[PDB]
Amino acid sequence: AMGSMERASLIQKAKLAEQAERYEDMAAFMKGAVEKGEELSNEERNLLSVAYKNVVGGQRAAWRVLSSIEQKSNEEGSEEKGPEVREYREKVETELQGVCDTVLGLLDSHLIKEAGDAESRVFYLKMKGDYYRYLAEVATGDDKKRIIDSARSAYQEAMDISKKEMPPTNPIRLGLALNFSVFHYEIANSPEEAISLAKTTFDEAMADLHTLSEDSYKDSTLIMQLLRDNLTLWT
Amino acid sequence: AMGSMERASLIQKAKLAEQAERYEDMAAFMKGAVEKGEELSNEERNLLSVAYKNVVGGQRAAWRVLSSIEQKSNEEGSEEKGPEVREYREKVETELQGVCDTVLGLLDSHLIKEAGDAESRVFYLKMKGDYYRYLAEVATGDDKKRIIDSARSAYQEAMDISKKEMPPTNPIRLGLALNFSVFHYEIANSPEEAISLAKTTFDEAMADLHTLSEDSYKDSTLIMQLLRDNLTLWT
Amino acid sequence: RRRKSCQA
Amino acid sequence: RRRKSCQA
Ligand SMILES: [Cl-]
Ligand SMILES: [Cl-]
Ligand SMILES: [Mg+2]
Ligand SMILES: [Mg+2]
């Protein structure tokens, strides 16, 4: 439905949608912009990520509320209320999976293959890991292990590039490590790996802060604080 | 799309959607429940209102953000950015008008005509006034006066019934007066009428609080505080 | 301060 | 406290 709108107009409207907190619209505009077939600039990649993270974030929060209700309903002593809780949890789950599949589809056709600079390639591979991780959060069947491995593989390729091509304080590198650490802790049942990654990432960033301007220092330390927050929660 | 789902299941899922803060889903479930053709209980009327007030509330907030941007873009000295701001404001406006028309359609087919008790009839007539008021907030053309009069007429019929059939502390009566006062202040360019209505409503409720239980006192005083909030802002 | 209307 | 992942 965005095929008739100019690329620049889609970008302009994505920014307006962000200001209005209309994240579904924002994501539709940015999907339209991606489907024009040109590479995305740094700002445009950030708009794409903001839009879909907010959309899926609302779905994930709703899914967790419904999953908790469903789990309580299957405890000993709980009254049978019928299929409605499961049905509605499934409805939200299916919508969430659809958004993840949409993002993964944009990455595969054709954002990743055209992304040659480290900042773009790592950004998109992190996104791929993230949306496979959100699929893993709801997966229960025979492909769960393969979904988990798809997240792991994308994160690992992003880590390998980021370590070779970016300084330890780069905000993309830091946010990637933060999310891969969460993957290890929450998805892969590897809390020690999660803690080791968060600690090493934090310490290597600390040692590189001296090279930065004030503005870059602010950007990097904000994400380092998220790593510290998780270390405090987990240890 | 809700025609195949049981009425009780729609109600159950509306409550789950409320817990998950999925208000679009909640409104769709409650529209389905209304379209079963049976009257709504007090709790069910409240679910209907919660759902649509949250949906339209998000649209109205977004509309105001976009309208402000559009107004600034038409000030002397502002750069021409093209049609995009107007187009996107129009998109949100059209969606908002559609939700209002949907609610008004449920009220007209056939909630109001079947509502004989004061508590249900006043509730629905207040809703009719409210959704015409939201239409009036965005109206600019040749029907603006008629939209405003439709809001006024619905509120006036609700007020007339509420004064005859409900005590001055009844929460529905109080919320109706609150919203009709806002209508006068903001829509009808009648701030003195707005202030007089808020003050008289507050004072008549105060004098009736002595008749109430603790729980009813809490319900009524909460809304009285909203009347006081507006009086403090407006005087 | 935005004026108050009735809770959802 | 819910663990942190990267801002949107
Ligand atoms: Cl459902
Ligand atoms: Cl538009
Ligand atoms: Mg480099
Ligand atoms: Mg009575």
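Order of the sequence lines fixes the chain letters, A, B, ..., with proteins taken first and strands second; residue numbering starts at 1 for each chain.
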Only heavy atoms, only distances under 4.5 angstrom. Which residues in residues 179-191 of chain B are near chain C?
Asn179(B), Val182(B), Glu186(B)

What residues of residues 51-59 of chain B make heavy-atom contacts with chain C at a cutoff under 4.5 angstrom?
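So far as heavy atoms go, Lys53(B), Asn54(B) are the residues that approach chain C to under 4.5 Å.
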
Non-hydrogen atoms of chain C under 4.5 Å away: do they reach the side chain of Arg228(B), the backbone, both or neither?
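For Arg228(B), there is no contact with chain C at all, as no heavy atom is under 4.5 Å.
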
Checking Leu178(B), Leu176(B), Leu226(B) against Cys6(C) for side chain to side chain contact (heavy atoms under 4.5 Å, CB included), the one that qualifies is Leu178(B)

Going by side-chain contact (heavy atoms from CB on, under 4.5 Å), name the residues that satisfy it together with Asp101(B), two or more places apart in sequence or in a different chain.
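Applying side-chain contact (heavy atoms from CB on, under 4.5 Å) to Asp101(B) gives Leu135(B).
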
Keeping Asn230(B) on the side-chain end and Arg3(C) on the backbone end, is there a donor-acceptor pair under 3.5 Å?
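The answer is no, because no donor-acceptor pair under 3.5 Å joins these two groups.
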
Do you know the tightest heavy-atom contact between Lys4(C) and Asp229(B)?
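Closest approach of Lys4(C) to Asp229(B): NZ-OD2, 2.7 Å.
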
Atom NZ of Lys36(B) with >12 non-hydrogen neighbours under 6.0 angstrom:
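For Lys36(B), atom NZ is crowded (more than 12 foreign heavy atoms under 6.0 Å).
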
Show me the donor-acceptor pairs, under 3.5 Å and distance only, between side chains in residues 43-50 of chain B and residues at least two apart or in other chains.
{"from": "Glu43(B)", "atom 1": "OE2", "to": "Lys15(B)", "atom 2": "NZ", "distance (Å)": "3.2"}
{"from": "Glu44(B)", "atom 1": "OE1", "to": "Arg7(B)", "atom 2": "NH2", "distance (Å)": "2.8"}
{"from": "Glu44(B)", "atom 1": "OE1", "to": "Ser41(B)", "atom 2": "N", "distance (Å)": "2.9"}
{"from": "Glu44(B)", "atom 1": "OE1", "to": "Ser41(B)", "atom 2": "OG", "distance (Å)": "3.4"}
{"from": "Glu44(B)", "atom 1": "OE2", "to": "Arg7(B)", "atom 2": "NH1", "distance (Å)": "2.9"}
{"from": "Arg45(B)", "atom 1": "NH1", "to": "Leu40(B)", "atom 2": "O", "distance (Å)": "3.0"}

To the nearest 0.5 Å, what is the distance between CD on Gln7(C) and CD1 on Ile223(B)?
5.5 Å

